[PDB]
Amino acid sequence: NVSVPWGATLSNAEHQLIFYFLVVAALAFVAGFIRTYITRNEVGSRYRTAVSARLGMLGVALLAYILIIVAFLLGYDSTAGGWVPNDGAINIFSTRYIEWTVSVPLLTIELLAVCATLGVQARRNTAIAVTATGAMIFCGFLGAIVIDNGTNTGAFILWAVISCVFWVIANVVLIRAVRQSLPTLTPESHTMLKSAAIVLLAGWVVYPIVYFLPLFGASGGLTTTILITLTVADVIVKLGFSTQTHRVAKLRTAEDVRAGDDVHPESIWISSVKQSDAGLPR
Amino acid sequence: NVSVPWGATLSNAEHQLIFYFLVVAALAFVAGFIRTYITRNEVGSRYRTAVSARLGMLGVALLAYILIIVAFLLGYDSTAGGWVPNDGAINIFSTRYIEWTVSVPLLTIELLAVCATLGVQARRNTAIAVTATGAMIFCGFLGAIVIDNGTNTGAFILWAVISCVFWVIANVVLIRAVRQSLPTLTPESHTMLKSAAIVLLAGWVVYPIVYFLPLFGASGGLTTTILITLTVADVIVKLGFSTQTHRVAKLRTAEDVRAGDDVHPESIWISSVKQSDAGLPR
Amino acid sequence: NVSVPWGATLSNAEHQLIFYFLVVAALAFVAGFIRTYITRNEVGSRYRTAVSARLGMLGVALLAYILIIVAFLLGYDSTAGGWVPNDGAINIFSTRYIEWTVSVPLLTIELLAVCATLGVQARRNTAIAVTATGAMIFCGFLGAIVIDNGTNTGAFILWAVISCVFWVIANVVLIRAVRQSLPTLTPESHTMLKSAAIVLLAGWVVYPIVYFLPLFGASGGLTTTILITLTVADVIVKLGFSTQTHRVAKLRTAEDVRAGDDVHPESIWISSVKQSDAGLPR
Amino acid sequence: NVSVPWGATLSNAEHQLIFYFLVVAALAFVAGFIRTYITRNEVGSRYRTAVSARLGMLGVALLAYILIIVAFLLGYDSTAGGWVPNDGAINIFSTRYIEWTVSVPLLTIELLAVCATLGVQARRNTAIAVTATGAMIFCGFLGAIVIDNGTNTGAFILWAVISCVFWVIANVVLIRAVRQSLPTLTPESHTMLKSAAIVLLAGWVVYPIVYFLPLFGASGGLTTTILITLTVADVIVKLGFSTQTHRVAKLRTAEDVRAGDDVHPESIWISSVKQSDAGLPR
Amino acid sequence: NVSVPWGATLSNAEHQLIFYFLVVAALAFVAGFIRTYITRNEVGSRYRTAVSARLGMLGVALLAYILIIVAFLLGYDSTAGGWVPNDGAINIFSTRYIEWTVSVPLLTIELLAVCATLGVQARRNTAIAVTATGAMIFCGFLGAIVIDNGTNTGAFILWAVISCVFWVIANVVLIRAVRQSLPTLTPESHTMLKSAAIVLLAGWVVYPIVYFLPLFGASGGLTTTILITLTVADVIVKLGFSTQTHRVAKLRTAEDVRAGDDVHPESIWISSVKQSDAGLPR
Ligand SMILES: *C\C=C(C)/C=C/C=C(C)/C=C/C1=C(C)CCCC1(C)C
Ligand SMILES: *C\C=C(C)/C=C/C=C(C)/C=C/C1=C(C)CCCC1(C)C
Ligand SMILES: *C\C=C(C)/C=C/C=C(C)/C=C/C1=C(C)CCCC1(C)C
Ligand SMILES: *C\C=C(C)/C=C/C=C(C)/C=C/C1=C(C)CCCC1(C)C
Ligand SMILES: *C\C=C(C)/C=C/C=C(C)/C=C/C1=C(C)CCCC1(C)C
């Protein structure tokens with residue numbers, strides 16, 4: 001059966017670890033937001049979407065993680081028997097689905113931004129991906145939170161299945177876009193995009209796995225394993241992979257500048273190598 | 001007869017779904033605000049008003065949606081019989097009228113900003129539209145919230161009628177402005193404006209319809225349908241259509257640059273096609 | 001006698017209307033703040049003071065209106081007999097005097113910024129105006145709030161009289177500055193300043209009138225009329241007239257650019273007419 | 001004996017006046033912060049420290065004054081016998097010492113920034129001044145707040161004496177720096193610095209005087225006089241004198257530009273006279 | 001044996017001093033954040049990482065210190081017997097470990113940013129350092145907070161030992177990077193980096209020492225000594241040493257500009273000496 005994670009009483013260790021990771025995440029996102037803002041003009045206007053998506057995703061994550069922290073502080077009470085969940089502990093689990101609903105479509109927008117697609121294909125791509133990913137999150141939220149208060153095993157499973165269909169649709173769309181890109185890019189750029197895609201699409205699998213952990217039992221330790229693992233995953237994907245597309249966009253900006261297709265006000269540096277020189281509109 | 005939406009007790013599913021959409025909206029607006037800010041200089045000084053209106057509308061929406069979220073958390077209490085409305089549940093419904101009062105006039109300002117009107121006509125247009133739209137919202141607020149606490153069917157209806165007159169005035173003004181524009185623009189620009197207008201003016205109809213749903217009865221289902229539908233509509237219109245005028249303004253900037261009427265510091269890209277090159281004041 | 005406004009019990013309609021206007025104001029100011037910030041570089045460095053004053057005034061208004069909203073939510077308690085003022089309701093009335101104390105001197109700074117005055121006269125002007133206006137607000141605050149808790153009719157009147165002397169001093173100073181300007185400006189600029197002054201100085205009269213309403217009796221109606229009217233006045237003067245000086249400053253920037261006295265990085269547009277072209281320091 | 005200021009019960013007038021000045025200060029600082037930010041690029045990179053110090057000081061003041069306002073609202077309760085101090089009223093007095101601890105060293109940094117000192121002397125100057133001033137504040141905090149809860153007359157006095165030694169050290173350092181500057185500046189610049197120093201160093205005396213007013217007795221009148229006087233002093237020194245160094249820095253920037261030692265992207269204006277023209281790096 | 005710091009009752013002096021330092025820190029960080037932001041463009045794009053890391057670290061510190069202040073206000077209750085720790089007092093100690101978890105890896109990123117390393121070595125360096133330092137903090141958090149609620153002496157010690165291994169790894173990595181840099185830099189730059197490294201790595205020792213103070217007993221004195229000393233250390237290292245790398249980055253920018261390897265829009269000043277002139281992309 002499904003044993004909802006927010007039913008469990010947390011040990012002190014457990015409650016302490018959760019607060020640590022939750023706040024470390026929020027602070028890492030603040031740092032990431034600052035970095036992304038300070039470096040927004042390393043990218044040409046042609047790829048500004050990549051930058052905006054990413055800065056958006058980091059802002060969203062930062063706010064969502066503030067809510068999660070509030071929900072956590074207002075969701076358990078120390079009672080000699082550790083910390084006992086109140087009726088707002090479900091909101092620690094809900095807010096995360098909230099956050100993914102915005103953030104994951106932003107990720108698709110970012111990745112498509114640095115691909116080589118034009119016109120209808122590019123608008124079709126962005127429509128299907130943003131749709132399929134928000135649907136994928138919402139189906140999850142249905143199974144895990146909304147129907148029967150999380151407790152209906154058949155709902156819980158069936159909605160995860162539906163969710164997995166939207167997950168395959170999103171991937172196919174993205175994977176195809178990245179692989180219609182690669183023929184038109186330069187070796188260095190081809191490589192960079194291929195690698196960014198993989199990094200950006202591979203760690204999605206974590207989420208579905210964590211989703212099904214409520215099936216193996218209910219414990220404060222299982223709850224801590226769920227909340228922590230999701231927090232780490234979010235930091236790795238949103239923060240850790242926040243520079244993959246930035247490097248792609250920078251190396252693309254620089255190639256345009258070297259081809260005389262554009263100019264850029266400052267030199268561009270990637271891995272401490274100069275990619276392009278500063279130049280003025282001539 | 002009118003059954004006010006804030007009278008109904010919400011199931012857990014219902015209360016969970018509402019919080020989801022409300023917060024997803026707030027987070028989508030934060031993302032939108034960041035995008036609009038990061039891309040404010042893609043537009044020439046001639047059309048900066050379009051940008052400011054839009055960035056204003058997104059900032060307003062973001063704050064309004066924070067209030068709505070507060071009002072929601074402070075408006076229902078879990079009581080075994082789901083969530084029971086308290087005396088601040090009306091403020092969940094009131095805050096939205098508040099938000100439209102600023103946001104809808106901002107929308108009119110934005111659309112007129114990218115039209116081809118000069119002098120008195122342009123000042124008359126903006127005066128009538130900003131007036132007619134704020135009046136339209138306020139009449140709504142009267143019928144639905146203020147008179148008799150929402151419960152007077154004849155008020156509720158009569159004020160919606162008055163509201164619909166201000167709605168026709170606004171449309172006529174706007175529609176005429178857009179159609180005095182189109183003769184002077186270029187094919188590509190003509191098309192773009194025509195389409196932006198339609199997108200921007202068509203989904204207004206949703207609001208009046210939702211307004212009259214408190215007449216079909218009272219339920220937490222119905223209450224939930226109301227709050228969600230309004231949230232989706234807001235996201236579609238404020239966020240979804242936040243780029244229509246931006247593209248119009250960009251393509252207008254670029255045409256000036258190509259005509260030698262202006263210069264722009266960076267190249268302009270629309271749908272991954274280069275519209276204009278960067279240039280310096282010569 | 002004086003019947004203090006914060007003594008009255010508010011109907012539900014009344015309490016609803018007040019919250020509407022108060023929050024609509026705050027949101028309008030957020031929009032205004034964003035506009036003013038986004039357009040700060042339409043003005044040359046010579047007139048940057050106008051811009052800073054205005055952006056300051058809008059920031060102040062936005063914060064003050066947040067306080068007023070708090071004070072309102074924490075100042076009346078629903079009790080079957082509508083909303084009954086607690087002992088913090090006075091703070092709804094006090095915060096507004098607070099706000100004017102900063103905002104009105106900012107207005108004088110803004111208007112003098114776009115006048116044609118040099119050296120001692122300009123420093124004397126700004127000193128007398130900023131003094132006379134802050135004094136004018138403080139005398140008001142004395143009569144209405146501080147002495148006898150607002151209830152002393154002779155105080156209430158006598159301090160309003162004193163306040164009116166500082167009001168005449170401020171006007172004389174300002175009016176003379178604007179009329180020593182006009183001889184040195186261009187027709188187009190002369191006209192623009194004259195008009196901005198009138199708009200900026202005419203709606204001051206509202207405030208003194210509203211000030212003496214507590215003398216015609218006490219009612220929640222009267223209390224509501226007071227709070228709303230002040231809110232509308234603030235929006236009209238701070239937001240509505242936030243572009244008068246901006247246009248003046250823009251047309252002055254542009255005239256310098258056309259005379260070859262300065263350069264400006266971007267073209268300047270006023271009412272959809274181009275005033276000056278972009279240019280580089282030569 | 002010392003009668004601590006936070007022991008006194010405040011009349012309604014008194015409590016009203018205090019809240020007025022405290023919030024007027026916070027709002028004035030917001031305005032000042034906005035001005036300083038909007039005008040940060042009127043100064044060359046050579047004197048950017050002056051700007052950063054000042055913008056820092058205004059940000060600090062704004063936050064400190066928000067705390068003081070909180071502390072005030074949470075420090076007295078209306079009890080028929082006016083407002084009666086709780087055991088957090090001391091924090092109204094403590095927060096101010098907190099604020100000076102950052103702000104006064106920032107002031108020294110700002111003033112030294114616009115002086116003509118190089119190498120060791122400049123690093124020695126900044127070290128002694130920042131040290132002596134933070135020490136001066138902390139000694140004050142000891143005598144007034146920490147030892148014996150403020151109530152030890154001999155502590156109170158002895159720590160103020162120590163504090164006055166650090167005050168003389170700071171002045172000597174600063175005064176000497178300003179007077180080793182003046183021989184190397186231009187008449188116009190010499191004059192400007194001399195005047196800025198005097199303005200910046202003269203109103204320090206207020207603070208020590210107010211410090212000893214708890215020795216003349218205890219009253220809500222006296223308590224009110226203390227809190228208001230400190231608030232006015234802060235506004236005069238932090239806000240009122242926030243442009244003295246800015247003018248100094250601007251006139252220094254402009255002189256470099258006129259000497260061909262630097263360039264500046266925009267013209268520089270001081271008192272409505274043009275000081276330097278815009279120019280590009282040649 | 002370990003006597004947890006959050007067990008002790010604080011005298012009034014003690015509670016007053018702690019609040020002072022905690023808030024002085026937060027305010028110093030706000031000032032630092034403003035400085036770093038205002039001066040972000042003194043550094044070339046090649047070394048922007050240094051700037052972003054530092055601005056990130058200061059933003060993180062500012063938020064962390066706000067939490068610590070909250071935790072403090074909500075962690076002790078005045079009970080005639082001074083201030084008595086409640087059960088959130090542990091969170092005053094926990095939040096600091098939280099803060100170091102982000103901030104210390106940011107410090108390593110900053111220092112490596114201004115070193116002369118390319119390709120794999122630079123990516124290996126940053127990976128090991130960011131890992132080793134976050135591990136070092138987390139091991140600390142285990143021993144001090146999580147296991148046995150802080151009270152297990154053998155845990156407390158053993159985890160500090162493990163922590164010290166990660167501390168040696170981090171240092172070796174960093175020290176080697178800085179000393180593979182120095183052969184390729186200029187005298188002036190070599191010197192500057194060597195000095196920045198020492199300053200940046202030397203005051204790490206404080207933290208481990210303070211960590212083992214809970215072993216010398218329990219007291220409010222000892223508790224106070226701990227919290228203050230950590231606060232001062234943080235201010236010295238995060239704020240005090242926030243300019244070391246900035247100077248390094250500036251002098252490196254300037255050397256590139258003098259070599260004709262880059263251009264920089266503004267002149268660069270270090271210690272009131274001009275390092276490079278402004279220039280345009282040629
Ligand atoms: C914050 C960033 C990311 C990439 C979060 C991703 C979330 C998913 C990939 C969720 C997928 C789900 C599936 C496919 C099936 C079970 C329900 C889930 C929503 C967890
Ligand atoms: C937030 C964006 C938009 C466009 C909101 C629009 C609101 C309306 C178009 C409201 C119209 C009304 C009418 C015409 C009649 C009933 C009362 C309403 C206020 C709902
Ligand atoms: C927020 C903007 C404005 C211009 C507010 C203005 C306030 C006044 C002009 C107040 C004037 C007063 C007078 C002359 C006499 C009675 C007391 C008052 C303060 C209301
Ligand atoms: C916020 C700005 C300023 C300049 C505040 C200044 C504070 C002082 C100059 C304080 C001086 C003190 C002395 C010399 C002796 C008594 C203790 C004091 C801290 C009040
Ligand atoms: C906020 C800035 C800094 C540099 C903080 C540094 C923290 C450490 C160097 C901590 C080291 C530890 C060790 C090596 C052993 C005991 C556990 C500690 C985490 C305190």
# chains A, B, ... in the order shown; residues from 1 in each chain; ligands from 1
$ calpha_fit_and_write --fixed "chain A" --moving "chain C" --output "short mmCIF file (atom, residue, chain, number, x, y, z; two decimals) with C-alpha atoms, in the first residue's frame"
data_model
loop_
_atom_site.label_atom_id
_atom_site.label_comp_id
_atom_site.auth_asym_id
_atom_site.auth_seq_id
_atom_site.Cartn_x
_atom_site.Cartn_y
_atom_site.Cartn_z
CA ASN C 1 0.02 -0.01 -0.02
CA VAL C 2 1.04 3.65 -0.12
CA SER C 3 2.26 4.99 3.19
CA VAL C 4 2.33 8.72 2.79
CA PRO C 5 5.70 10.26 3.69
CA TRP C 6 4.12 13.04 5.79
CA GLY C 7 2.66 10.53 8.22
CA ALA C 8 5.98 9.74 9.89
CA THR C 9 7.43 11.09 13.12
CA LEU C 10 10.96 12.40 12.72
CA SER C 11 13.83 11.80 15.11
CA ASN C 12 15.85 14.85 16.12
CA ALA C 13 18.73 13.82 13.92
CA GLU C 14 16.25 13.45 11.06
CA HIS C 15 14.57 16.77 11.64
CA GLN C 16 17.97 18.43 11.87
CA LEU C 17 19.32 16.91 8.63
CA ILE C 18 16.16 17.88 6.77
CA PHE C 19 16.41 21.52 7.80
CA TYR C 20 20.07 21.54 6.89
CA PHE C 21 19.54 20.32 3.31
CA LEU C 22 16.50 22.45 2.78
CA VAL C 23 18.32 25.61 3.75
CA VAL C 24 21.56 24.72 2.11
CA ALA C 25 19.49 24.36 -1.08
CA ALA C 26 17.84 27.74 -0.72
CA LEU C 27 21.22 29.36 -0.14
CA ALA C 28 22.87 27.55 -3.03
CA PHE C 29 20.04 28.84 -5.23
CA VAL C 30 20.65 32.40 -4.07
CA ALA C 31 24.26 32.05 -5.00
CA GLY C 32 23.25 30.55 -8.37
CA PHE C 33 20.79 33.31 -9.01
CA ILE C 34 23.48 35.90 -8.37
CA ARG C 35 25.97 34.17 -10.66
CA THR C 36 23.49 33.86 -13.50
CA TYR C 37 22.50 37.50 -13.19
CA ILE C 38 26.10 38.78 -13.07
CA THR C 39 26.95 36.77 -16.17
CA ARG C 40 23.80 37.38 -18.25
CA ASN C 41 25.66 39.53 -20.81
CA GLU C 42 28.28 36.88 -21.63
CA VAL C 43 25.71 35.63 -24.14
CA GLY C 44 24.59 37.25 -27.37
CA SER C 45 21.02 38.52 -27.90
CA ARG C 46 20.49 35.51 -30.18
CA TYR C 47 20.62 33.16 -27.16
CA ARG C 48 19.25 35.43 -24.48
CA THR C 49 16.34 33.01 -24.02
CA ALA C 50 18.67 30.40 -22.57
CA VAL C 51 19.79 32.96 -20.01
CA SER C 52 16.31 34.14 -19.13
CA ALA C 53 14.96 30.63 -18.74
CA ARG C 54 17.83 29.73 -16.40
CA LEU C 55 17.61 32.87 -14.34
CA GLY C 56 13.88 32.25 -14.14
CA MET C 57 14.33 28.69 -13.05
CA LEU C 58 16.77 29.78 -10.30
CA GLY C 59 14.45 32.50 -9.05
CA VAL C 60 11.56 30.05 -8.96
CA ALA C 61 13.64 27.48 -7.11
CA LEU C 62 14.73 30.06 -4.56
CA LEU C 63 11.15 31.11 -3.80
CA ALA C 64 9.82 27.56 -3.81
CA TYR C 65 12.54 26.53 -1.38
CA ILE C 66 11.64 29.38 0.92
CA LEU C 67 8.07 28.08 1.02
CA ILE C 68 9.24 24.53 1.61
CA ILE C 69 11.27 25.79 4.56
CA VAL C 70 8.26 27.59 5.97
CA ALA C 71 6.04 24.55 5.45
CA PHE C 72 8.65 22.47 7.28
CA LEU C 73 8.92 24.77 10.29
CA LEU C 74 5.11 24.88 10.44
CA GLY C 75 4.54 21.16 9.84
CA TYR C 76 6.13 19.24 12.71
CA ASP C 77 5.94 19.83 16.48
CA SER C 78 8.53 18.51 18.92
CA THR C 79 6.92 16.17 21.40
CA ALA C 80 9.43 13.97 23.23
CA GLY C 81 8.66 11.43 20.50
CA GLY C 82 10.77 13.50 18.08
CA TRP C 83 8.87 15.67 15.66
CA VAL C 84 5.30 14.70 14.94
CA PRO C 85 3.76 15.64 11.67
CA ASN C 86 0.84 18.10 11.88
CA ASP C 87 -1.69 18.52 9.05
CA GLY C 88 0.45 20.93 7.06
CA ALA C 89 3.30 18.46 6.65
CA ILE C 90 1.72 17.38 3.36
CA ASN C 91 2.62 20.88 2.15
CA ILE C 92 6.29 20.07 2.39
CA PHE C 93 5.58 17.47 -0.28
CA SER C 94 3.15 19.53 -2.27
CA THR C 95 5.33 22.59 -2.67
CA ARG C 96 7.95 20.56 -4.44
CA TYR C 97 5.48 19.47 -7.16
CA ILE C 98 4.55 23.12 -7.35
CA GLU C 99 8.18 24.08 -7.98
CA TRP C 100 8.69 21.42 -10.63
CA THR C 101 5.65 22.61 -12.47
CA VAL C 102 7.33 25.86 -13.35
CA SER C 103 10.96 24.79 -13.24
CA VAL C 104 10.88 21.75 -15.45
CA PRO C 105 9.19 23.57 -18.41
CA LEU C 106 11.79 26.32 -17.95
CA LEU C 107 14.47 23.63 -18.33
CA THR C 108 12.97 22.51 -21.63
CA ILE C 109 12.81 26.13 -22.81
CA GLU C 110 16.48 26.59 -21.94
CA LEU C 111 17.67 23.50 -23.74
CA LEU C 112 15.65 24.20 -26.89
CA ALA C 113 16.99 27.77 -26.83
CA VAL C 114 20.49 26.50 -27.60
CA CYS C 115 19.38 24.18 -30.39
CA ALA C 116 19.41 24.89 -34.13
CA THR C 117 15.68 25.01 -34.92
CA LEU C 118 13.64 27.53 -36.91
CA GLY C 119 10.04 28.54 -37.43
CA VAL C 120 7.22 26.05 -36.96
CA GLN C 121 9.43 23.18 -35.77
CA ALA C 122 10.82 25.45 -33.04
CA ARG C 123 7.36 26.61 -31.94
CA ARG C 124 5.97 23.07 -32.12
CA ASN C 125 8.93 21.83 -30.11
CA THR C 126 8.50 24.37 -27.39
CA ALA C 127 4.77 23.85 -27.19
CA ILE C 128 4.90 20.08 -26.89
CA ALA C 129 7.79 20.12 -24.41
CA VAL C 130 6.37 22.75 -22.10
CA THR C 131 3.04 20.97 -22.19
CA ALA C 132 4.28 17.44 -21.76
CA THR C 133 6.49 18.43 -18.85
CA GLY C 134 3.87 20.41 -16.93
CA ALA C 135 1.43 17.59 -17.52
CA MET C 136 4.04 15.11 -16.24
CA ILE C 137 4.36 17.05 -13.02
CA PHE C 138 0.63 17.44 -12.54
CA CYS C 139 -0.17 13.80 -13.03
CA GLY C 140 2.41 13.15 -10.32
CA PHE C 141 0.72 15.62 -8.00
CA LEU C 142 -2.58 13.91 -8.64
CA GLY C 143 -1.39 10.38 -7.70
CA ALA C 144 0.72 11.47 -4.78
CA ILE C 145 -1.22 14.29 -3.13
CA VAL C 146 -4.69 15.00 -4.44
CA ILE C 147 -6.56 11.77 -4.98
CA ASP C 148 -7.48 10.15 -1.64
CA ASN C 149 -4.95 12.33 0.11
CA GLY C 150 -2.14 10.30 -1.43
CA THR C 151 -3.37 7.03 -0.07
CA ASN C 152 -4.86 5.31 -3.07
CA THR C 153 -2.33 2.81 -4.34
CA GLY C 154 -4.02 2.33 -7.72
CA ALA C 155 -4.41 6.05 -8.27
CA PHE C 156 -0.82 6.53 -7.08
CA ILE C 157 0.46 4.04 -9.59
CA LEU C 158 -1.85 4.85 -12.53
CA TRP C 159 -1.12 8.53 -12.38
CA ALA C 160 2.61 7.76 -12.30
CA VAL C 161 2.12 5.73 -15.45
CA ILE C 162 0.34 8.56 -17.27
CA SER C 163 3.10 10.84 -15.95
CA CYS C 164 5.66 8.52 -17.55
CA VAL C 165 3.98 8.86 -20.93
CA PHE C 166 4.32 12.63 -20.79
CA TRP C 167 7.93 12.03 -19.78
CA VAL C 168 8.65 9.98 -22.87
CA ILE C 169 6.95 12.55 -25.09
CA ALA C 170 9.08 15.33 -23.63
CA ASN C 171 12.26 13.34 -24.09
CA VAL C 172 11.53 12.36 -27.65
CA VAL C 173 10.80 15.94 -28.57
CA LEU C 174 13.96 17.21 -26.85
CA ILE C 175 16.23 14.40 -28.00
CA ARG C 176 15.13 14.85 -31.59
CA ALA C 177 15.69 18.63 -31.42
CA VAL C 178 19.21 18.19 -30.10
CA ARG C 179 19.98 15.67 -32.82
CA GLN C 180 18.64 17.82 -35.62
CA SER C 181 20.94 20.51 -34.19
CA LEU C 182 24.19 18.61 -34.18
CA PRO C 183 24.52 18.27 -38.01
CA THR C 184 24.62 22.06 -38.44
CA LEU C 185 26.97 22.98 -35.56
CA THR C 186 30.75 23.01 -35.37
CA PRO C 187 32.65 20.08 -33.81
CA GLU C 188 33.28 22.05 -30.63
CA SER C 189 29.65 23.20 -30.50
CA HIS C 190 28.17 19.85 -31.54
CA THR C 191 30.09 18.18 -28.72
CA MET C 192 29.08 20.80 -26.19
CA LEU C 193 25.36 20.54 -26.92
CA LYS C 194 25.33 16.73 -26.99
CA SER C 195 26.97 16.74 -23.55
CA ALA C 196 24.63 19.42 -22.16
CA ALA C 197 21.55 17.48 -23.30
CA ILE C 198 22.76 14.26 -21.67
CA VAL C 199 23.54 16.02 -18.40
CA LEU C 200 20.22 17.88 -18.54
CA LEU C 201 18.06 14.82 -19.40
CA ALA C 202 19.80 11.97 -17.57
CA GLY C 203 19.15 12.89 -13.92
CA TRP C 204 15.40 13.09 -14.56
CA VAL C 205 15.21 9.39 -13.67
CA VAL C 206 15.90 10.09 -10.01
CA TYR C 207 12.53 11.79 -9.55
CA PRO C 208 10.34 8.88 -10.68
CA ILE C 209 12.30 6.56 -8.45
CA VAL C 210 11.92 8.68 -5.37
CA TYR C 211 8.21 8.99 -6.27
CA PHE C 212 7.68 5.22 -5.67
CA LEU C 213 9.58 5.06 -2.25
CA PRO C 214 6.30 5.64 -0.30
CA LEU C 215 5.49 2.03 -1.53
CA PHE C 216 8.32 0.40 0.44
CA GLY C 217 6.87 1.49 3.75
CA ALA C 218 6.71 4.34 6.22
CA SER C 219 9.45 5.57 8.52
CA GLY C 220 11.03 8.86 9.48
CA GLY C 221 14.13 7.36 7.96
CA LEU C 222 12.37 6.79 4.62
CA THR C 223 10.65 10.13 4.89
CA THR C 224 14.07 11.72 5.46
CA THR C 225 15.70 9.86 2.63
CA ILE C 226 12.92 11.14 0.35
CA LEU C 227 13.16 14.82 1.30
CA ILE C 228 16.94 14.87 1.26
CA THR C 229 17.32 12.99 -2.02
CA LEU C 230 14.87 15.34 -3.73
CA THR C 231 16.77 18.33 -2.36
CA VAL C 232 20.11 17.07 -3.62
CA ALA C 233 18.65 16.22 -7.05
CA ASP C 234 17.21 19.69 -7.29
CA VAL C 235 20.52 21.29 -6.43
CA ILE C 236 22.41 19.11 -8.86
CA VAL C 237 20.04 19.70 -11.76
CA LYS C 238 19.06 23.32 -11.24
CA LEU C 239 22.36 24.62 -9.87
CA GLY C 240 24.90 22.05 -10.96
CA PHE C 241 23.68 22.01 -14.56
CA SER C 242 22.99 25.77 -14.69
CA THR C 243 26.22 26.34 -16.61
CA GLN C 244 25.94 23.65 -19.26
CA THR C 245 23.66 25.71 -21.50
CA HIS C 246 25.49 28.89 -20.55
CA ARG C 247 28.71 27.43 -21.92
CA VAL C 248 26.81 26.30 -25.01
CA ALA C 249 25.34 29.73 -25.51
CA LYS C 250 28.74 31.40 -24.95
CA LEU C 251 30.51 29.21 -27.38
CA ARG C 252 27.77 29.93 -29.90
CA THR C 253 27.97 33.66 -29.33
CA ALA C 254 31.71 33.50 -29.79
CA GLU C 255 31.47 31.55 -33.02
CA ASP C 256 29.16 34.19 -34.50
CA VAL C 257 31.62 36.86 -33.47
CA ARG C 258 34.46 34.95 -35.09
CA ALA C 259 32.46 34.50 -38.29
CA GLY C 260 31.68 38.23 -38.46
CA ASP C 261 27.99 37.45 -38.08
CA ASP C 262 27.87 39.45 -34.89
CA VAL C 263 29.84 41.53 -32.47
CA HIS C 264 30.00 41.36 -28.72
CA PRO C 265 31.05 44.16 -26.42
CA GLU C 266 33.38 42.09 -24.24
CA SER C 267 35.75 39.21 -24.86
CA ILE C 268 34.34 35.75 -24.21
CA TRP C 269 36.18 33.25 -22.05
CA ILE C 270 35.38 29.57 -21.67
CA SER C 271 37.53 27.43 -19.41
CA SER C 272 40.07 30.23 -19.21
CA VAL C 273 40.56 30.18 -22.98
CA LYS C 274 39.61 33.25 -25.00
CA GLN C 275 36.91 32.39 -27.48
CA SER C 276 36.20 35.78 -29.06
CA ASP C 277 37.51 39.38 -28.75
CA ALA C 278 35.42 42.44 -27.86
CA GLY C 279 34.24 44.45 -30.84
CA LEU C 280 32.03 47.37 -31.78
CA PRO C 281 29.18 47.45 -34.31
CA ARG C 282 30.94 48.51 -37.48
#
$ select_by_dssp --residues "stretch 65-273 of chain B" --states "alpha helix (DSSP H)" --output "PyMOL selection string"
chain B and resi 65-73+90-113+120-141+153-181+187-202+206-211+220-234+244-259
$ select_by_dssp --residues "stretch 6-184 of chain A" --states "strand (DSSP E or B)" --output "ChimeraX atom specification"
/A:10,76-78,83-85
